[PDB]
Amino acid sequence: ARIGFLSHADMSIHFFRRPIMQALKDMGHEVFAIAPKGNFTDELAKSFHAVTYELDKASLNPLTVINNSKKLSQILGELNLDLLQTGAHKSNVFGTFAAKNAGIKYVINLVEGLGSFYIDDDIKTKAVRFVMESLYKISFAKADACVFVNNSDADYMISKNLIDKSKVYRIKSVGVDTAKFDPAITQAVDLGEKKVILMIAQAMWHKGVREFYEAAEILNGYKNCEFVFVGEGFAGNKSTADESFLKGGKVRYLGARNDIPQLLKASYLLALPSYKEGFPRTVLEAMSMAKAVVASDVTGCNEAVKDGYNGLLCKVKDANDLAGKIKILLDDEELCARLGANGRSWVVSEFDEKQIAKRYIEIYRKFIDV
């Protein structure tokens, strides 16, 4: 009845875990949102028990990551948790070690994307990938189960004998609030009289930001289109576009936004030229808003978008092919609407958050009384 949700970032708790956490709260359980201080901490803290901790999120310095995970073990023990749900690599691995050193009997892991350590292929990153996968063998062994939001990550980690099928649970996508993301009750943002080509993402190079911006240059307002980017940059980050880049192209930059349903309602299609995903939630949000998607033919994207059904797949690291798929849909409105309609139909029947949350709780029921 004391269930914590550990993440390296409060955004995962607030956007992804939330439906699970709200379901458990409603059932009368005490629910903990464990993540470093961020932009959603204050909001999270009036819905659940917010707990913050110091985390060097990207650092790979052993002593930093050891000291950090010792402090986290203490922070976690003070919560007297019955079960901990972790998410993503650093929480899955070091969060599990910390949780077990803290006396938490049950730890459920979650993989929602393999990350940039499977995009980059340099020798340094290949070494880091090997260590992480070696530690996963241990954390997965100490943990009781791991949920996977797509099939490819599960297949892969199984193929590498990192985890036994017995513990693999496949719950496709983290779900989307299809009653909130509902065209009929949403008033579009006013972005003009243009065909808005919308990309929602943190400005990671590995999200395809460069390709989205080059594709904007290539189409250059074709058929009265306008590329729009929603998300945050970060200065002094090799892995990220700075605001100067995000504002300096044939793209309208809106920064961070909370009116995503309204922005999607204003848009003509959603683009996600990611280098790698798990089950992208912005794609789900577009589908729920009955909007067609053009996404990269990469892990995750190619499970959330079926080419010719709810969207079009384009080659990765290829600004011209991304522009081509967008042009195709600009050239054929009746097709673009048909794909969006298929997206809305697919999400309502398989990806509404409420049933997805109930399936997580059925996994928890295996170990604790809810």
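Each residue number is its position in the shown sequence, starting from 1.
A.B. asks: Out of 230-238 and 192-200, which stretch has the higher average CA B-factor listed in the record?
C.D. replies: The entry gives the higher C-alpha B-factor average to 230-238.
A.B. asks: Return whichever of 55-63 and 31-39 has the greater mean Cα B factor according to the PDB record.
C.D. replies: Here the higher of the two C-alpha B-factor means belongs to 55-63.
A.B. asks: Highest recorded C-alpha temperature factor, please, choosing from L254, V294, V283, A141.
C.D. replies: Across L254, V294, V283, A141, the entry lists the biggest C-alpha B-factor for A141.
A.B. asks: Within this chain's modelled residues, let me know which third the CA B factor of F130 belongs to: lowest, middle or highest.
C.D. replies: Top third by C-alpha B-factor.
A.B. asks: Which third of the chain holds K306 when residues are ordered by C-alpha B factor: lowest, middle or highest?
C.D. replies: Within its chain, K306 is a lowest-third residue by C-alpha B-factor, going by the deposited values.
A.B. asks: Among the chain's modelled residues, which third holds the C-alpha B-factor of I356?
C.D. replies: Middle third - that is where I356 ends up once the chain's C-alpha B-factors are sorted.
A.B. asks: According to the PDB entry, is the CA B factor of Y213 in the bottom, middle or top third of its chain, that is, lowest, middle or highest?
C.D. replies: It belongs to the lowest third of the chain when residues are ordered by C-alpha B-factor.
A.B. asks: Give the position of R2 by CA B-factor within its chain, expressed as the lowest, middle or highest third.
C.D. replies: According to the entry, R2 has a C-alpha B-factor in the chain's middle third.
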